[PDB]
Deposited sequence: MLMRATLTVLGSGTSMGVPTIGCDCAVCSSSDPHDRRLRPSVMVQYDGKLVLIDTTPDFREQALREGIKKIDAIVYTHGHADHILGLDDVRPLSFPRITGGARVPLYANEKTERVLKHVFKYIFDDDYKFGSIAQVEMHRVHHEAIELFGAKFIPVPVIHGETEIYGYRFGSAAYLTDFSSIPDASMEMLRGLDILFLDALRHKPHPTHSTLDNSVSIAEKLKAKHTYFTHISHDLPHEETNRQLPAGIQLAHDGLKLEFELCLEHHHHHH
């Protein structure tokens, strides 16, 4: 029924990181090339975007996105929001219908979006996300609280899939919201500790507790070579890559 597409699998500065001479930043492996982190979900002629990274224009062009039905935000950090400016051409009435391009965010994220963009017609409209499910064209997108260093942000569960980026930990109550998945995306930044993200080993431990059929890591930095890392991971656990497409089930009402 539904399709998830990885628009970017990379960390906040992407892979390569500008100015870096490390082997991964010079890789001949295309999978080591990673735009900033975002996915899109398509179902029933609809397109739902999670986060608008600074690479949004390139992401949209290379996937031939010509219309967006809804945008949902995990949080307000620059690698997740700075592409909102480039969404504008698709918010024009000729494309929209119609009509509207709804943006869903919690109060913190909304405040950030307003500060960053209300100084610098494009009809977007802000909708508030609370802990209750978001109703999008028949589907329910359930906000899943996760801890991003100190700050609580959201990942999202939708049908048999879930997407959780930018976390250092996941509270027990949220772990219980993530059982029985077909597809699971988790933050996995690198091996060395980072206060607001999760290590590869940490995220493997999490994956082994949640037991999704397939688990994919994202927000990946230059510390994780794609091939080297994947041949060390368990059977149902892998690093995502840019362009990865996955099919799954989702119930519409």
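- The chain's deposited sequence has unresolved stretches at 1-3, 124-132, 266-271, with no C-alpha coordinates there.
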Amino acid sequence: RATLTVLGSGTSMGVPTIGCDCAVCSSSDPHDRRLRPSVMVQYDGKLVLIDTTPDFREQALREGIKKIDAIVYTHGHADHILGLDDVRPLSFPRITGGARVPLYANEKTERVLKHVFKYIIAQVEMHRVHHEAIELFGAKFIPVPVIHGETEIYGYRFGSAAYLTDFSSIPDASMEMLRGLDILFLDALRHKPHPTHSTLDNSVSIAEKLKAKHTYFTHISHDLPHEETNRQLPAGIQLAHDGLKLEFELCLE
From here on, numbers count along this sequence of modelled residues.
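- Taking only CA atoms, the mean B-factor in the PDB entry is higher for 191-199 than for the other of 191-199 and 47-55.
- Here the stretch with the larger average CA B-factor, out of 235-243 and 8-16, is 235-243.
- For the set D182, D79, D166, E110, the PDB entry assigns the largest Cα B-factor to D182.
- Across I120, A161, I153, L103, the greatest Cα temperature factor reported in the deposited entry is at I120.
- Annotation for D32: CA B-factor lies in the lowest third of the chain's modelled residues.
- For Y73, the recorded CA temperature factor ranks within the lowest third of the chain's modelled residues.
- Among all modelled residues in this chain, the alpha-carbon of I95 has a temperature factor (C-alpha) in the highest third.
- Ranked by C-alpha B-factor against the other modelled residues of its chain, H214 falls in the highest third.
- The PDB entry assigns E208 a C-alpha temperature factor belonging to the highest third of its chain's modelled residues.
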